[PDB]
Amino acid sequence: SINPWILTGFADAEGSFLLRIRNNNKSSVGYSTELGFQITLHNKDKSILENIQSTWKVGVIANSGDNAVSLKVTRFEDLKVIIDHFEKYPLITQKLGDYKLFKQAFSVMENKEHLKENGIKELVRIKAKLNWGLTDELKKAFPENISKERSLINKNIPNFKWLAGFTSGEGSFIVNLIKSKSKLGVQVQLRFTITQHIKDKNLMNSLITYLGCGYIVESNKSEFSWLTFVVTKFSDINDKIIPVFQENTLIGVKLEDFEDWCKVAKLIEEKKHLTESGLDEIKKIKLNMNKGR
C-alpha cells in the first residue's frame, strides 16, 4: 500500500490522462471515445505499477514495447477511483490542468452525452486543450471549434511525501568522478538533480527555498529547453537532501540508486574519499549503480 501523497507526486511526473476521439463506422454518431489514466515505466519498475494497482484496485497492466510496461485505467467506473484520489491529493504541476479537462470529459460521458453529436462536440473542445491537442484529422472534421484554451497552473510543493514521489520519477543521484589536480587525481562529487520542462519554472525555482539549497540550470537541445535543480555542496546534500529521503522513502529502482548514493556519502563524511582505498570503494559503488540498482 503506497502512500497517497507519494502517489500524486509520482503521477505528477510519470502519469498522463488520455481522451480518445476515434472515427467508428459502428457508432451511431460516428465517433467512439475512451477516457482513462495511464503510466508507462521501464520493465525494471514493473513492481511500482503492481503496487499502484493493489492500492487503487483498478487498471490493467500490459507490456508497452519490449522494454516498457504500462498501467492503463480505462474502465469508466474505475475512473471514479482516479477522480476520488486526485480530489483529496491534487496534482501540483501543469498536469493538474490535464486532470481538470479529464473531469470535464468524465461528466460528459457519464451523462452519456458522448453518444450524441453535441456531446462529441464538447469532447472535441475538451481535447483541443488536453496534452498535444487535436490531431490534424480531428481539426479538419471540426474546423469551428473554440474554448478557453486552459488556464496556467501555479501551485507549490505541498509536503515531503509528494517530493519523494516526484523524485522517484524525475530525480537522479549521480556520483561524479572529476579528473582533479588533487593528490589522488580524482575528485569525488555528489550531485542531486531534478529535471522538468520549462513549463513548470515556478515550481522548479521553489525547490531552492523549499529545500534551502541548490540552484536552477536551464538547458536546451535546439527548440527544446528544460530546467534542472542541482545540489553539489556536500553539506547541503548530507544535511538537507539525504535526511528528507530517509524519512520520506523513495519507490522503484531509484531507491536502490539512492541507497548506494548514501553509501558514498558515508565515505565522504568520514573523509575516506581522499584515501586511495576509499576512492577505490566509491568507484565500485558507481559501477553497481550505473549498470543497475
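Numbers follow the displayed sequence, beginning with 1.
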item	value
Mean C-alpha B-factor comparison - 164-172 and 151-159, higher one	151-159
Mean temperature factor over C-alpha atoms, higher-scoring stretch between 22-30 and 35-43	22-30
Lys254, C-alpha B-factor rank within chain (lowest, middle or highest third)	lowest
Third of the chain's Cα B-factor distribution that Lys201 belongs to, per the entry	lowest
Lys221 by Cα B-factor - lowest, middle or highest third of the modelled chain	highest
Entry-reported Cα temperature factor of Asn111, expressed as the chain third it lands in	highest
Where the record places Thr228 (Cα B-factor, split into thirds across the chain)	lowest
